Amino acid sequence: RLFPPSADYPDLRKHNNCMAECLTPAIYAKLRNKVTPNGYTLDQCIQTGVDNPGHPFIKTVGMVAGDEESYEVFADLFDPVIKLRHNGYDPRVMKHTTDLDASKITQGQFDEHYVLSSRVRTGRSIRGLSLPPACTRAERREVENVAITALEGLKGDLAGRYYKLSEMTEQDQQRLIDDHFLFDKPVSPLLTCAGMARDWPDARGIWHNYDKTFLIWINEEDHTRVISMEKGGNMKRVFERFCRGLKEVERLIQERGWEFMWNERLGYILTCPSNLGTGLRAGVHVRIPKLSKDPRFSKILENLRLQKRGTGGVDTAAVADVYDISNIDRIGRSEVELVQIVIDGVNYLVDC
């Protein structure tokens, strides 16, 4: 690079994201010239946190990984960012336990007068291929190809079809978005500034079973986003389908020699440090008219480990008091333990 490292130091005054709160002159100077084997840089990692000083509805991380090696090469920034975002989980000293045994959720039925729908998602990355911030068009097509091939192996109620977004009409896309089945077009500046809207919709698509109760998003926010959902509040069956579907998807992918990005410190590796560990967001849509307008609601959400979101997701506000309520933490606690903290965390919200 053409200047001293410090000449490139970003202006982060009035930036309220984890990256800006952890970046120091020392860390920046030490990492500016380091690169991953695929050539991903620190400036690319942090660009979204530099360009986006806030967000209208949620606290942001302000950095993304371009590849698996980003988390090693830029550990001096990612590690304190991970600790800050995940309430003390420290990948330098701790390890993460994966647990997808659905039987340990023995009771799971919400009051259907208040809770409209129930959903469990995670993400998975394929090792050897760059993540969405950095992937070339050929890497991204390869991800689609590896995913497509594996998912044709799914049987029974998990049988489904892949739909390329390039071959889907605007009318069919918008329908699926309005019915909470398909991702929005990446217009969010968090995503665009991280390089995650490049070449859209090339190699993006949705795979789903006929009932739309097991869905997989390909190459939007991650390589894959694996989703289980339905109308109502039966979290116990939703999670049994999630665990069964996910274990099979893994086996089908592993059958051809691909591995998921994973290590013992970070659990499953994904684009954004907010989705590390389990990557798991178990949630419901809930009509909480009285509980929402109360001034102490934000304190009850942060203490119960839950996040608030709009009816149309992270970038929207609530409509008709219908709030998206799900677990805030994703690493340090297992998938089982996180589902349990959503079953309990909603019932406090249904009573209160």
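Start at 1 and count along the sequence shown; that's the residue number.
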item: Residue range whose averaged C-alpha B-factor is higher in the record, 14 to 22 or 331 to 339; value: 331 to 339
item: Of 100 to 108 and 221 to 229, the one with larger mean CA B-factor; value: 100 to 108
item: Maximum C-alpha temperature factor, selected from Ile216, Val115, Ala159, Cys193; value: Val115
item: Highest-ranked of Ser292, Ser70, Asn38, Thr48 once sorted by CA temperature factor in the record; value: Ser292
item: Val346 by Cα B-factor - lowest, middle or highest third of the modelled chain; value: highest
item: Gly54, C-alpha B-factor rank within chain (lowest, middle or highest third); value: highest
item: CA B-factor ranking of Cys352, expressed as a third of its chain; value: highest
item: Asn145 - Cα temperature factor, lowest/middle/highest third of chain; value: middle
item: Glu240, C-alpha B-factor rank within chain (lowest, middle or highest third); value: middle
